[PDB]
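Coming up is one lone chain in C-alpha cells, specifically the form deposited in one PDB entry.
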C-alpha cells in the first residue's frame, strides 16, 4: 500500500482496479492513506476496503457523518470537502435528512412507477428492434444512456421536447442551470404530478437546483453504468448468458449480481464526528473516512467465489445500493431498468460480442463505461 495511490486517477482509467483492492484487503482493511499530489485538499484519509468495516461505517451515521465533524468546516460524501454538504439529501444528517428523504420518497407513487415502466418498455423495444443484427454499434451511446435519461426526465417532469437538448447539457453548466430554474419556477406556478413538483412545492431555491442536478447526473449515470456493465459481464460469461436467456425467472437474482459486480458507485466518504475505533484503528473527530463498496462487494469473507460473476448467486448482500439511512431511493427503479432492458435484449439476442476494448470513465467516484462497441445476433 505504501506505493499505491488511490487518489491517482490513472489507476482507475481502465476500470475499477480490483487488483489494488485485493492488496488493500489483505494488507490493511483499514489504513491511513497519506496525501499525494493527486489527493483533494492535500489531506490524508482513512481508507476502508473490507465488507465488515464498510458496513459498520454505513450503519453508523451519527459517528460517521454525511455532513462534517470535529472542527472541519464542511465535508460531504465525496473525498473532497464540498460546501454543498448539508444542502443536498445525500449530504444531510438527521433531523433534516429524514424530512427531505421522506419528501422525495413521497414522489415515487405507484402511478409514477407505471409511467416510467410503460415508457421504458416502449423505448427498449423500439431501440432493440432498430439494432441491425451482427452490425457493430456503441451500446452506451445508442441504448444504455438513453433509457435512464428518459426515466429521470419522467420522474422530474421534463417535457419530452426538451429531453435530448437537456442531455447535451450533461456553456453546458450554464444551460443546465438556467433551464432547471425555469422548469422549477413552472412547477411552482403550475403544480404537476411529478417528483420535482412535489419537492418544489413542499428546500431553498438553490438547494432545489442541486437536487435536480443530482438525480439527473447521478441517477442517470449510475443506472447507465449498471446496464453497460451488465452487458459486458454477460458477454464475458457466455454460458451464464445462455442460462439466463433460457429462464427469465433467474432475472431477479441476475440483476442483484449485476449490481454487485459492476458497483457503479464504488466509493463513499464520511467524516468522523467523535473518536472511535474501526478495524482496530483509532479515528479522531474530523478525520475523513473513505469506504470502497466496489471492494467490499468482492470481499471473499462474505461472498464465495467473489471474483466470479454468478447470475445464480444467493445470498447476495451487496452494498452496491448502499446500506442504512441513506440507502438508494432509486433501487427499484434501477432494477426495473435492468429487468426490462435485459428481457427485451436477451429475448432477441443470444449472442453478444464486444468488438473493441471497453473505454472506461476515468474516475474513482463512478465505475462507468463511456463506450462499448458490440455486435448482437
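Only residues modelled in both forms are compared. Numbering follows the first chain given and starts at 1. Only the largest set of C-alpha atoms that superpose within 1.5 Å between the two forms is called the rigid core.
The same protein also has a form deposited in another entry, omitted here; what follows describes it.
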Inset, instruction - Identify which of 80, 98, 237, 106 has its C-alpha displaced by 2 Å or more between the shown form and the other one once the rigid core is superposed. - result: 80
Legend entry - Cα distance between residue 81 and residue 8, which in the other form differs by 3 Å or more from this form, closer or farther: farther
Inset, instruction - Tell me whether residue 210 and residue 86 end up closer or farther apart in the other form, going by their C-alpha atoms; the shift is 3 Å or more. - result: closer
Legend entry - Core-referenced shifts between the shown form and the other one - contiguous stretches of at least three, CA at least 2 Å: 74 to 86
